[PDB]
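Protein chains in written order, with the deposited numbering: chain A, 1852 to 1946; chain B, 2852 to 2901; chain C, 1051 to 1100; chain D, 2702 to 2801; chain E, 7 to 50; chain F, 1602 to 1651. We put the beta carbon where it would ideally sit given N, CA and C, even for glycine. In what follows, a single structure is set out as structure tokens and then discussed.
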Amino acid sequence: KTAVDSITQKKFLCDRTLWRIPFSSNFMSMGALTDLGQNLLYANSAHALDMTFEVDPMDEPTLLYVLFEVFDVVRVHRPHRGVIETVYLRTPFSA
Amino acid sequence: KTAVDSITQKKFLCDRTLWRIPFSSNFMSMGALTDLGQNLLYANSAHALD
Amino acid sequence: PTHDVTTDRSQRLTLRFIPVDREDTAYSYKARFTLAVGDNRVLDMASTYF
Amino acid sequence: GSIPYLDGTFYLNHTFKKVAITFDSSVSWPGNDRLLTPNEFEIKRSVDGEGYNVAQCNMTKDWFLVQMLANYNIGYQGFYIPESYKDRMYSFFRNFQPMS
Amino acid sequence: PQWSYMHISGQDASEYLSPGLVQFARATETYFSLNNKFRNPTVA
Amino acid sequence: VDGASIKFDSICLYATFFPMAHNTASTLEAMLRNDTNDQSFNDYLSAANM
């Protein structure tokens, strides 16, 4: 009977996971090689990308971990006895 | 800080099971009638096992 | 199956390799082995472990 | 009390050291230097033979490999936890407990 | 261009492999699995 | 700073070979030495970390 007027606070937790933003038109997973990746707009020319993040602060220095998931494929060919040679290809962001 | 020098002991437990030794050449389960069981060496003659 | 699935001759199942040279620095150390796969054998790298 | 011979509740498997098998009292099995010890199955060793222990226990590597092969055909392409539907209540890997 | 050669697109593992290898692979599937050692492109 | 320390004495490399029959193993390795049947793997995560 003597409860006081109150406000509400809402928040959520999400551990052991990464925020994912697929690079597809409808944000669906229809294959590893997404449709936008095969689009001719990005296939021919180059583009400069800048991203701005807005986060709530804390009182200690922190790091922003960003993963540009790409195709990382290695192919190993062994023609003769006791000789092994490989080729690496990571596209985009190739070394 | 005042810990004393010590030795170690290791052991293990395995309940509700039986030690299994298959009678196959590579200890694999490739069928009920194992290959060694069909071998001609044991198919013709007899052997005393201890 | 009885034939062409496994050998019947003498062949080791597991093998142990001893380092041929070991170099140690203050905060790390390097070990080298001469992994020799025998003839008429195939080694799956997933089986190996230090 | 409970009768392990009938209901299959065994609790003394951890009390074996060696098993030697031979036919005609002259030829050993499996032979062909398949195992590290070319004459007998060594279930477990003391601290002396630590060079052949595995899984942070006193159970030797070859015996562990044999048990995994006999139950789930695992070991020729690297050890890993078998599927939950393949290791039932009485399976080996379910009731294996390392302690130190 | 190089995507096919790195198996990023094009035919899957059951095609570019020699038929003898594919024939041998399926026979010994439960003995020595080799399917997990070849890529299979999944293009949307 | 808390005095924890670790020292390595010996290190060995283990590997297990499937006891496949020589004739089948010889054909398998000979057929695997073709450029068309080269093995290939890809990273599961497959990402560049900034």
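So for residue i, helix, strand or coil by DSSP?
| i | result |
| --- | --- |
| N1638/F | helix |
| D1071/C | strand |
| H1931/A | coil |
| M1095/C | helix |
| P47/E | coil |
| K2745/D | strand |
| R2871/B | coil |
| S1611/F | coil |
| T1859/A | coil |
| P2799/D | strand |
| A1631/F | helix |
| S1060/C | coil |
| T2738/D | coil |
| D1923/A | strand |
| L1646/F | coil |
| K2762/D | helix |
| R2789/D | coil |
| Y2753/D | helix |
| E21/E | helix |
| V1906/A | coil |
| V2720/D | strand |
| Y1893/A | helix |
| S10/E | helix |
| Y2781/D | coil |
| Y1077/C | coil |
| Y2712/D | coil |
Going by the beta-carbon positions, is the gap between residue i and residue j smaller than 8 angstroms?
| i | j | result |
| --- | --- | --- |
| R2735/D | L1063/C | yes |
| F1100/C | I1607/F | no |
| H1928/A | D1639/F | yes |
| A50/E | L1884/A | yes |
| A1626/F | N1090/C | yes |
| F2765/D | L2900/B | no |
| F2793/D | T2868/B | yes |
| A1649/F | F1944/A | yes |
| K2861/B | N2759/D | yes |
| residue 2811/D | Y2791/D | An answer regarding residue 2811/D cannot be provided, because it is not within the stretch 2702 to 2801 covered by chain D. |
| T48/E | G1882/A | yes |
| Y2777/D | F1619/F | yes |
| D2866/B | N2796/D | yes |
| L2864/B | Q2798/D | yes |
| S39/E | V28/E | no |
| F44/E | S1641/F | yes |
| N2733/D | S1060/C | yes |
So residue i and residue j are supposed to be a Cβ contact under 8 angstroms. How far apart are they, rounded?
| i | j | result |
| --- | --- | --- |
| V1055/C | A1622/F | 7 angstroms |
| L1614/F | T1098/C | 6 angstroms |
| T1942/A | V1925/A | That belief does not hold up - the Cβ atoms of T1942/A and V1925/A are roughly 13 angstroms apart, past 8 angstroms. |
| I2744/D | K2719/D | 7 angstroms |
| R1082/C | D1071/C | 5 angstroms |
For residue i, return the contacting residues in chain F, with the cut-off set at a CB-CB distance below 8 angstroms.
| i | result |
| --- | --- |
| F1944/A | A1649 |
| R45/E | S1641, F1642, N1643 |
Could you list which residues in chain E have their beta carbon closer than 9 angstroms to that of residue i, in chain order?
| i | result |
| --- | --- |
| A1883/A | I14, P47, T48, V49, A50 |
In chain C, which residues lie with their C-beta within 7 angstroms of the C-beta of residue i?
| i | result |
| --- | --- |
| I1612/F | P1069, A1081, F1100 |
Could you tell me which chain F residues have their CB closer than 9 angstroms to the CB of residue i, listed as they occur along the chain?
| i | result |
| --- | --- |
| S1097/C | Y1615, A1616, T1617, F1618, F1619 |
Just the chain E side, please: which residues come within less than 7 angstroms of residue i by C-beta, in chain order?
| i | result |
| --- | --- |
| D1886/A | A50 |
Kindly list, in the order they appear in chain B, the residues whose Cβ is closer than 8 angstroms to that of residue i.
| i | result |
| --- | --- |
| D1058/C | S2876 |
Residue i touches chain A at which residues, Cβ-Cβ below 9 angstroms?
| i | result |
| --- | --- |
| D1636/F | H1928, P1930 |
| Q8/E | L1940, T1942 |
Taking residue i as the query, report the chain D residues whose CB atoms sit under 7 angstroms from its CB, ordered along the chain.
| i | result |
| --- | --- |
| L2900/B | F2724 |
In chain C, what lies closer than 8 angstroms to residue i by C-beta?
| i | result |
| --- | --- |
| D2763/D | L1063, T1064 |
Could you tell me which chain D residues have their CB closer than 8 angstroms to the CB of residue i, listed as they occur along the chain?
| i | result |
| --- | --- |
| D1094/C | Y2777, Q2778, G2779 |
| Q2860/B | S2801 |
Please list the partners that residue i has in chain D, where partner means a Cβ-to-Cβ separation under 9 angstroms.
| i | result |
| --- | --- |
| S2880/B | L2770, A2771, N2772, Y2773, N2774 |
Requested in this report: Mind checking the stretch 1910-1941 of chain A against chain F and listing, in chain order, the residues whose C-beta falls within less than 8 angstroms of any C-beta there?
Outcome: Per Cβ criterion, the list reads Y1916, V1917, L1918, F1919, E1920, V1921, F1922, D1923, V1924, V1925, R1926, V1927, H1928, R1929, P1930, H1931, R1941.
Requested in this report: Compile a chain-ordered list of the residues in the stretch 1617-1629 of chain F whose CB is closer than 8 angstroms to at least one CB of chain A.
Outcome: none
Report task. Scan the stretch 14-26 of chain E for residues whose Cβ lies nearer than 8 angstroms to a Cβ of chain F and list them as they occur along the chain. Result -> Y22, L23, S24, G26
**Report entry** Contact residues within the stretch 2773-2786 of chain D, judged by C-beta distance below 8 angstroms to chain F
**Finding:** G2776, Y2777
Query raised in the report: In chain order, what residues of the stretch 1061-1072 of chain C put their CB closer than 9 angstroms to some CB of chain D?
Result: Per Cβ criterion, the list reads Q1061, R1062, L1063, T1064, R1066.
Query raised in the report: In chain order, what residues of the stretch 2719-2735 of chain D put their CB closer than 7 angstroms to some CB of chain C?
Result: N2733, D2734, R2735
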